[PDB]
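The next block holds one structure in the form of structure tokens; read it before the comments.
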Amino acid sequence: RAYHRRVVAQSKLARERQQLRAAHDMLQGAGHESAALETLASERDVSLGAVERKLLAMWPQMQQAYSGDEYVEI
Amino acid sequence: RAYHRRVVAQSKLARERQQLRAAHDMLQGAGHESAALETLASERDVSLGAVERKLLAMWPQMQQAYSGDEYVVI
Numbered sequence: 458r459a460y461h462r463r464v465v466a467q468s469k470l471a472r473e474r475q476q477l478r479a480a481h482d483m484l485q486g487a488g489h490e491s492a493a494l495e496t497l498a499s500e501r502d503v504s505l506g507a508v509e510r511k512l513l514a515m516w517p518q519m520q521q522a523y524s525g526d527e528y529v536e537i
Numbered sequence: 458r459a460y461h462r463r464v465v466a467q468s469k470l471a472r473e474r475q476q477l478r479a480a481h482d483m484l485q486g487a488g489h490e491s492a493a494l495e496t497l498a499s500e501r502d503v504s505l506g507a508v509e510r511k512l513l514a515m516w517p518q519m520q521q522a523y524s525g526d527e528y529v530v537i
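Those protein sequences? They're chains A and B, same order as listed.
All the letters of the first sequence, read from the start, carry residue numbers 458 to 529, 536 to 537 under the entry's author numbering.
All the letters of the second sequence, read from the start, carry residue numbers 458 to 530, 537 under the entry's author numbering.
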């Protein structure tokens with residue numbers, strides 16, 4: 458149950474981190490910029506665990522692995 | 458294929474609309490605010506189709522329907 462409580466907590470943080478950085482790019486691409494968003498986003502990076510952060514980091518590389526015809536020595 | 462192209466387009470807009478309004482609440486709750494985010498969010502409301510907008514509006518009510526022991530609708 459403790460594991461699942463962490464799943465919810467980290468998931469919420471991963472979402473908020475993405476939501477901020479996404480919204481920041483949408484502003485910066487629309488001219489006016491609010492660097493205050495980045496401060497909150499960087500706060501999420503520390504909040505997100507080292508294990509959880511690696512999981513999201515390997516995800517794009519993970520998709521590239523299970524995309525080809527082979528799973529690449537062996 | 459045209460239908461699916463719209464699915465992608467509207468889905469992206471629904472996400473961006475949510476990402477902005479979510480990030481706006483996180484700033485407004487952290488003191489300093491940026492009403493510029495709302496301008497971009499309101500722009501998504503016009504971009505989102507009338508049919509697509511209704512779909513997301515009925516979703517919470519849809520969950521409440523399929524939650525009970527009975528389907529009140537006979």
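Note that beta-carbon positions come from the ideal geometry of N, C-alpha and C, so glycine has one too.
Where the alpha helix (DSSP H) through residue i begins and ends
{"i": "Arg458 (chain A)", "result": "Run containing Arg458 (chain A): none; DSSP gives neither H nor E here."}
{"i": "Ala498 (chain B)", "result": "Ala493 to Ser504"}
{"i": "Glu509 (chain B)", "result": "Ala507 to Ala522"}
Inter-residue Cα distance where the pair is residue i and residue j
{"i": "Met519 (chain B)", "j": "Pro517 (chain A)", "result": "33 Å"}
{"i": "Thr496 (chain B)", "j": "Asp526 (chain A)", "result": "46 Å"}
{"i": "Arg472 (chain B)", "j": "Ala522 (chain B)", "result": "24 Å"}
{"i": "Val529 (chain B)", "j": "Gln475 (chain B)", "result": "30 Å"}
{"i": "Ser524 (chain B)", "j": "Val465 (chain A)", "result": "21 Å"}
{"i": "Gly486 (chain B)", "j": "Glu500 (chain A)", "result": "15 Å"}
{"i": "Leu505 (chain A)", "j": "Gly488 (chain B)", "result": "23 Å"}
{"i": "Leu470 (chain A)", "j": "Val503 (chain A)", "result": "10 Å"}
Cβ-based burial, residue i [other Cβ within 10 Å; buried from 16]
{"i": "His461 (chain B)", "result": "exposed"}
{"i": "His481 (chain A)", "result": "buried"}
{"i": "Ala498 (chain A)", "result": "buried"}
{"i": "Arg463 (chain A)", "result": "exposed"}
{"i": "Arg458 (chain B)", "result": "exposed"}
Chain-ordered chain B contacts of residue i [CB-CB under 8 Å]
{"i": "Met483 (chain A)", "result": "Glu473, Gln476, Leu477 and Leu497"}
Interface partners of residue i on chain A, CB under 9 Å
{"i": "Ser491 (chain B)", "result": "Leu484, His489, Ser491, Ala493 and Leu494"}
Chain A residues whose Cβ lies nearer than 7 Å to that of residue i
{"i": "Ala480 (chain B)", "result": "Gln476, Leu477, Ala480 and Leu494"}
*Mind the definition here: the stretch 497-512 of chain A touches the stretch 500-518 of chain B only if three or more C-beta pairs lie below 8 Å; say whether that holds.*
no
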